[PDB]
Amino acid sequence: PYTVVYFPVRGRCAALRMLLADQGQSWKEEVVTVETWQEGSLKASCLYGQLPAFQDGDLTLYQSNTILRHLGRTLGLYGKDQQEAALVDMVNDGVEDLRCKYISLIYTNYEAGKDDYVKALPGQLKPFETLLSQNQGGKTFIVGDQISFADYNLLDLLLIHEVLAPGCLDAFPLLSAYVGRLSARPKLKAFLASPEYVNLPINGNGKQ
Amino acid sequence: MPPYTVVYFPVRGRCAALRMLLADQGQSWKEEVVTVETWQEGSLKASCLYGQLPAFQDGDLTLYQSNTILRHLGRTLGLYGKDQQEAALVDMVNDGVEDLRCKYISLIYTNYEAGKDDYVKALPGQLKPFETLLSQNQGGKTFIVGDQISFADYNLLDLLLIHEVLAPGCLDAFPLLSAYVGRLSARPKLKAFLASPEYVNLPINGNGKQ
Ligand SMILES: CCCCCCSC[C@H](NC(=O)CC[C@H]([NH3+])C(=O)O)C(=O)NCC(=O)O
Ligand SMILES: CCCCCCSC[C@H](NC(=O)CC[C@H]([NH3+])C(=O)O)C(=O)NCC(=O)O
């Protein structure tokens, strides 16, 4: 019932793929090559002229976070009540802010800004360590005691930063244990080790 | 006393949309103004989750992130669509608004002088998606999604209004958006609020540019 339309990279689709895989959902991948994209017709039919695009039956959605929220809403990964839902949103928005900075670094000035970015990293990750400490001592998920779409988004963000700055999580015990714990979930573990994930570049420009 | 408290700098900025929402929905709220002096002192910043404002309090629930605040209000006040499908569409609209808002903010604080012309030239292409959304919903006669107002409407309204200040007449080429702004701006409570000193006398941005 699901179709994700995207370029052949993990990018902004990694988190939603992990979510679908971990939740045991099936989906079809519609790969869009740079050639096809530069042709122009697909772009013109996209609401904001960008991908990913997602189809749930006849519902066509755009915007990665909208897709995540939609899945969180339909699959029950949006907290147990309104208070938790608000907290889940707060976590996801924080993830999105840092993701934008990451994306900017990767595509705008990797060479020149990498050092400053890595130096500033600890300050950027602290908020998530704090959130974790306030939720049952970081023994469960980011919000509440059930997994939410924010968890998958945060997991991806942490994983790609471990590739960018190996060991950046060493100074954060809760985050470190969190990544290990989530990465150990049966279906997610199988997915993260599959060619489907491993053989796709993280970003489109060969930088990471 | 009011259950809501918005903590922010004395500017409209990322709080304009939520204020319009509260006002239009007849809600009461307390404004906790943070001056640049107080902020540079450091203690408040250190207590903020991501080291930034706005901050929002609903009873003992302290929230950060403007869009989280909007979604929370949309969820508790019933401004999030009539069902899941609409909720997804509302999110899609809001995310689009957020993307353009970031570009606007970047222009305003990063290089207003140098980039203003290019930005205004690219504007029509950026607004088209919203005109399209409007055309697909009862011919743009009601709201952005469905037939009931959502938090996305307030966010979009603010975005359109601030762009009308940046590039006067930018909405002329978009009949649906133009009528939409006029229609929403005419709602009783919202109209009263937009004309109040509380709104009018607050600068749009913090650096005096708009
Ligand atoms: C080519 C391989 C690298 C691909 C990089 C990732 S896609 C980047 C871009 N899409 C976005 O930035 C999506 C942003 C949107 N806010 C979301 O979160 O979904 C796009 O479609 N860009 C195409 C365009 O704008 O023309
Ligand atoms: C001073 C008058 C001008 C104020 C401009 C608007 S506040 C800007 C900034 N906050 C944000 O950018 C908030 C972004 C956040 N993602 C959201 O959506 O709420 C901040 O708190 N910055 C303070 C800091 O980072 O130290």
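Residues numbered from 1 in each chain as written, not as in the entry; some residues may be left out. Chains lettered and ligands numbered in written order. Heavy atoms only, no water.

If you look chain B up in the PDB entry, it shows as GLUTATHIONE S-TRANSFERASE from Homo sapiens. As its UniProt record puts it under Subunit, chain B is described as follows: "Homodimer. Interacts with CDK5." In its Sequence similarities section, UniProt records this for chain B: "Belongs to the GST superfamily. Pi family." (UniProt positions renumbered as here; feature names shortened; annotations may be inferred.)

The name that the PDB entry assigns to chain A is GLUTATHIONE S-TRANSFERASE, with the source organism given as Homo sapiens. UniProt, in the comment section headed Subunit, describes chain A in these words: "Homodimer. Interacts with CDK5." Listed under Sequence similarities in UniProt, the entry text for chain A is "Belongs to the GST superfamily. Pi family."

A few points about the site of ligand 1
Surveying the vicinity of ligand 1 reveals 15 residues, the closest of which are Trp 37, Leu 51, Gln 63 and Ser 64 of chain A together with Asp 99 of chain B. In this structure ligand 1 sits where residues from chains A and B come together. Residue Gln 50 of chain A places a side-chain N or O atom 3.1 Å away from an oxygen atom belonging to ligand 1. Between a nitrogen atom of ligand 1 and a side-chain N or O atom of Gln 63 of chain A, the distance comes to 2.7 Å. Partitioning the shell around ligand 1 into residue classes produces 7 nonpolar, 5 polar and 3 charged. (Near = heavy atom within 4 Å. Polar contact = N/O pair within 3.5 Å; in protein donor to acceptor, adjacent residues only side chain to side chain. Nonpolar A, V, L, I, M, F, W, Y, C, P; charged D, E, K, R; others polar.)

Concerning the site of ligand 2
In the vicinity of ligand 2 there are 15 residues, among which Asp 97 of chain A together with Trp 39, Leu 53, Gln 65 and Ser 66 of chain B approach most closely. Residue neighbours of ligand 2 fall on chains A and B, so the site bridges chains. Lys 45 of chain B is positioned with one of its side-chain polar atoms (N or O) 3.4 Å from an oxygen atom of ligand 2. Contact with the protein chains hides 75% of the accessible area of ligand 2, taken as 670 Å² for the molecule alone. (Areas by Shrake-Rupley, 256 points an atom, 1.4 Å probe, with all protein chains shown as cover.)

Focus on the domain arrangement of chain B
All names here are of chain B. The domains assigned to chain B are domain 1 (3-79 + 188-209) and domain 2 (80-187). Centre-to-centre separation of domain 1 and domain 2, based on C-alpha positions: 20 Å. Across the boundary between the two partners, domain 1 contributes 26 residues, which contact 29 residues of domain 2. Between domain 1 and domain 2 the total buried area reaches about 2300 Å² when both faces are included, carbon and sulfur atoms providing 55% of it. Linking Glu 113 and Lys 209 is a salt bridge whose minimum nitrogen-to-oxygen distance equals 2.9 Å. Linking domain 1 to domain 2 there are 17 residue pairs in polar contact. Secondary structure elements with two or more residues in the side of domain 1 that touches domain 2: α1 (16-24), α4 (66-76) and α9 (188-194). Residue composition of the side of domain 1 that touches domain 2, grouped by class: 11 nonpolar, 8 polar and 7 charged. (Domains from an automatic or database assignment. Contact = heavy atoms within 4.5 Å. Buried area = accessible area lost by both parts, 1.4 Å probe. Salt bridge = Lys/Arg side-chain N within 4 Å of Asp/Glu carboxyl O. Helix = DSSP H or I, 4+ residues; strand = E, 2+ residues; numbered from the N terminus.)

Examining helix α6 (residues 112-135) of chain B
Residue and element names in this part refer to chain B. Relative to the 34 Å expected for 24 residues at 1.5 Å per residue, α6 spans 32 Å between its end C-alpha atoms, a close match to the ideal helical length. At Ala 122, α6 is deflected by roughly 40 degrees, the largest bend along its length, and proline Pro 124 occurs up to four residues later in sequence. For α6, the complete set of buried residues consists of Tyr 112, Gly 115, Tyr 119, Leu 123, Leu 127, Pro 129, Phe 130, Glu 131, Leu 133 and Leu 134. Those residues of α6 that are buried lie in contact with α5 (84-110), α7 (151-166) and α8 (175-185). (Expected span 1.5 Å × (residues − 1). Bend = angle between axes of the 7 residues up to and from the residue. Buried < 20%, exposed > 50% of the residue type's maximum accessible area, 1.4 Å probe, protein only.)

Here's the deal with the interface of chain B and chain A
Accessible area lost during the coming together of the parts is what is often quoted as the interface size. With 27 residues of chain B at the contact, the number on the chain A side is 27 residues. Of the roughly 2400 Å² buried between chain B and chain A, counting both surfaces, carbon and sulfur atoms make up 59%. When residues of chain B are sorted by the area they lose upon contact with chain A, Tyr 50, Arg 75 and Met 92 of chain B head the list and together hold 24% of the total. Linking chain B with chain A are 2 salt bridges, by the criterion used here. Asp 89 of chain A is the salt-bridge partner of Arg 75 of chain B, the closest N and O atoms lying 3.1 Å from each other.

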